[PDB]
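J.: Handing you this structure, nothing more for now.
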2 protein chains.
Amino acid sequence: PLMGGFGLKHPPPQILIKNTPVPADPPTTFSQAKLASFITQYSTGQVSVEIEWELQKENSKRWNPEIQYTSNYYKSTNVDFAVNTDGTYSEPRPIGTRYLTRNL
Amino acid sequence: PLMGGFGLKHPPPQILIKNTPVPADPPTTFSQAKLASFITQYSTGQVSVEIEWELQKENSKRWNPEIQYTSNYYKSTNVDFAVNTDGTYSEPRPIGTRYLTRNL
């Protein structure tokens with residue numbers, strides 16, 4: 001994929017969900033038209049998704065130290081990747097996956 | 001230990017080595033005095049030491065990122081922890097062992 005990712009021919013199947021419509025009271029005399037009056041309704045719940053991953057361990061004889069992703073050592077008004085005073089979560093910067101090195 | 005380390009009651013036994021003295025030619029007439037003239041001599045070789053270590057894996061539910069030891073990302077005249085032009089190895093800074101966190 002050009003955005004980056006894992007191109008799949010059979011990707012994870014998309015999951016669709018809907019509230020089953022519940023009609024408001026129909027008239028007492030039959031009518032051909034479909035029922036246009038419904039009960040205002042919504043649902044809530046809990047969803048869980050668990051992905052197993054396969055890792056390729058880094059095996060390298062490089063002598064000197066790598067470059068690692070490290071949080072800022074210096075003080076700050078609030079922790080990065082954590083809530084602020086108002087409870088708003090925030091992610092301060094995009095984090096790529098390439099800090100290790102290999103030989104080309 | 002106050003310098004830091006692993007205090008041992010039976011530490012690794014210190015290994016001692018010496019060149020066995022080889023005398024220069026003694027006189028042809030017996031003498032009681034010990035032999036004061038030796039052959040100038042030295043030895044060389046290869047030594048190997050292999051230590052097995054026991055690690056305590058870090059298991060933590062901290063949400064935000066840790067602080068890691070990372071080499072300087074910015075350019076420099078030469079790599080740190082690597083030889084210079086003249087072949088002189090150098091270690092630019094002392095590196096302590098505590099970058100991870102726990103709850104007190």
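Each chain in the structure tokens gets a letter, A, B, ..., in the order shown, and its residues are numbered from 1; ligands are numbered from 1 in order too.
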Could you write out as a list in words the residues of chain A within 12 Å of chain B, counting only C-alpha atoms?

T.: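 Those within range of chain B come out as residues 62, 63, 64, 65, 66, 67, 68, 69, 70, 71, 72, 73, 74, 78, 79, 80, 81, 82, 83, 89, 90, 91, 92, 95, 99 and 100 of chain A.
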
J.: Work out how far CA of residue 98 (chain B) is from CA of residue 8 (chain B), in Å to one decimal.

T.: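 A separation of 21.9 Å between them.
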
J.: List as a list in words the protein and nucleic acid residues near region 9-20 of chain A, meaning an atom at most 10 Å away when only C-alpha atoms are counted, but skip any in the same chain fewer than 3 places from it.

T.: residues 6, 23, 41, 42 and 43 of chain A

J.: Just the residues within 10 Å of region 53-61 of chain A, please, counting only C-alpha atoms, with nothing from its chain fewer than 4 positions along; format it as a short mmCIF file (atom, residue, chain, number, x, y, z; two decimals) with N, CA, C and O atoms, in the first residue's frame.

T.:
```cif
data_model
loop_
_atom_site.label_atom_id
_atom_site.label_comp_id
_atom_site.auth_asym_id
_atom_site.auth_seq_id
_atom_site.Cartn_x
_atom_site.Cartn_y
_atom_site.Cartn_z
N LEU A 100 16.22 0.91 14.09
CA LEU A 100 17.32 -0.04 14.00
C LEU A 100 18.05 0.14 12.69
O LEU A 100 17.61 0.85 11.79
N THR A 101 19.23 -0.45 12.60
CA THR A 101 19.99 -0.41 11.37
C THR A 101 20.30 -1.81 10.88
O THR A 101 20.37 -2.76 11.66
N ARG A 102 20.46 -1.91 9.56
CA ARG A 102 21.02 -3.08 8.90
C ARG A 102 22.01 -2.59 7.87
O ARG A 102 22.13 -1.40 7.59
N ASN A 103 22.75 -3.54 7.30
CA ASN A 103 23.60 -3.26 6.17
C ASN A 103 22.77 -3.37 4.90
O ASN A 103 22.04 -4.35 4.72
#
```
